Amino acid sequence: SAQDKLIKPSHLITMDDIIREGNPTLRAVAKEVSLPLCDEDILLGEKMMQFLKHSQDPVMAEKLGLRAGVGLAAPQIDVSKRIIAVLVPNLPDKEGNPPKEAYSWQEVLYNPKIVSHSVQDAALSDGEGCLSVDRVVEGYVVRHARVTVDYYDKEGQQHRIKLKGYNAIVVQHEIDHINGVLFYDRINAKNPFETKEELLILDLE
Ligand SMILES: CCCCC[C@H](CC(=O)NO)C(=O)N[C@H](C(=O)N1CCC[C@H]1CO)C(C)C
Ligand SMILES: [Co+2]
């Protein structure tokens, strides 16, 4: 299967492993992962985290021809399992200094689930992109401004976390993937940049 090839020790995930719009796997509902976590799944998660790290390494990304990404879900690499990886980076300050800490959030979540959320919604002012989608769909991708997520880490320990801002946006984008949902599904087709008081607009800069 695909996962088998992906977990090969010397295998590096590249755009060649990312299925695109059209493959039915993107629209399927990923299956939960068995507990305790089996080797295959844990290794896949690490491969996913490593992919993200490589994508955010300007030289490496440039060498491998990768698109900088801040998250990835198993289905995107043709594995219909509820496994997602997030790597949300901090940005430089107003003065131009590099962030004190490269990442704001780094985690591989297994069987993640949204338990509660804010009444307010939120969308990145610049819209969203997806490496599984080879085209641009402009508009505000409407998501919950804040969410509480329950998931199991690679150790197999259950966690419950409160996310907001950029972290909340990224996690929902990834969770959408394991439910067969693509970002443009959350863009108001009749008015892509529709706004409402309850809709917070996030500027990353
Ligand atoms: C924001 C919600 C999470 C996005 C995750 C995607 C990666 C992905 O395809 N996950 O499934 C990404 O990094 N997309 C990028 C993206 O949309 N970004 C990167 C910075 C913030 C935002 C731009 O508005 C594009 C540039 C490839
Ligand atoms: Co995506």
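Residues numbered from 1 in each chain as written, not as in the entry; some residues may be left out. Chains lettered and ligands numbered in written order. Heavy atoms only, no water.

Caption draft 1: Seen up close, the sheet that holds strand β1 (residues 71-73). As summarised here, the arrangement of the five strands in space is β1-β2-β3-β6-β7, forming an open sheet in which the pairing is antiparallel. On the outer flanks of this sheet lie β1 and β7 (158-163), each paired with one strand and no other. Averaged over all pairs of adjacent strands, the angle between their axes in this sheet comes to 40 degrees, without regard to strand direction. Relative to the sheet, helix α2 (residues 39-55) contacts β1, β2 (83-89) and β3 (103-117), its axis offset from that of β2 by approximately 25 degrees. (Pairing = 2+ DSSP bridges. Helix = DSSP H or I, 4+ residues; strand = E, 2+ residues; numbered from the N terminus. Axes fitted to C-alpha atoms, helices over the stretch in contact; angles between N-to-C directions. Contact = heavy atoms within 4.5 Å.)

Caption draft 2: Inspection of the nonpolar core at higher detail. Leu44, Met48, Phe51, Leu52, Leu72, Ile77 and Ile83 are the most contacted members of the largest nonpolar core, which totals 24 residues. Ignoring sequence-local partners within four residues, the contact set of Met48 consists of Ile13, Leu72, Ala73, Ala74, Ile77, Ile83, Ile84 and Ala85. (Core = buried A, V, L, I, M, F, W, Y, C linked by side-chain atoms within 4.5 Å. Buried < 20%, exposed > 50% of the residue type's maximum accessible area, 1.4 Å probe, protein only.)

Caption draft 3: Representation of the coordination of the cobalt ion (ligand 2) in the model. Binding of the cobalt ion (ligand 2) to the protein goes through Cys130 (SG), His173 (NE2) and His177 (NE2), at separations of 2.2 to 2.4 Å. Residue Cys130 is classed as buried on the basis of its relative accessible area, which comes to 5%. (Donors = N, O, S within 2.8 Å, 3.2 Å for Na, K, Ca; no water.)

Caption draft 4: Region of the structure containing the sheet that holds strand β4 (residues 121-124). Taken together, the three strands give an open sheet; going across it, the order is β5-β4-β8, and neighbouring strands pair in mixed fashion. Of all the strands in the sheet, the pair left with one neighbour each is β5 (143-144) and β8 (199-202). In this structure, β4 lies alongside β8, joined through four bridges in parallel fashion. Its bridge partner being in β8, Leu124 is matched across the sheet by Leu202.

Caption draft 5: Geometry of the environment of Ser125. Position of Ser125 among the secondary structure elements: in the loop between β4 and β5. The spatial distance from the C-alpha of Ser125 to the C-alpha of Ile201 is 5.5 Å, given a sequence separation of 76 residues. Aside from chain neighbours lying at most four places away, what touches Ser125 is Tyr140, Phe193, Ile201, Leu202 and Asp203. For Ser125, the side chain forms a polar contact with the side chain of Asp203, separated by 3.0 Å. (Polar contact = N/O pair within 3.5 Å; in protein donor to acceptor, adjacent residues only side chain to side chain.)

Caption draft 6: Quick look at the UniProt feature "active site" in the protein chain. With numbering matched to this structure, UniProt assigns "active site" to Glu174. Residue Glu174 is classed as buried on the basis of its relative accessible area, which comes to 3%. When near neighbours in sequence (up to four residues on either side) are disregarded, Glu174 contacts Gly71, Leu72, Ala73, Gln76, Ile84, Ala85 and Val86. (UniProt positions renumbered as here; feature names shortened; annotations may be inferred.)

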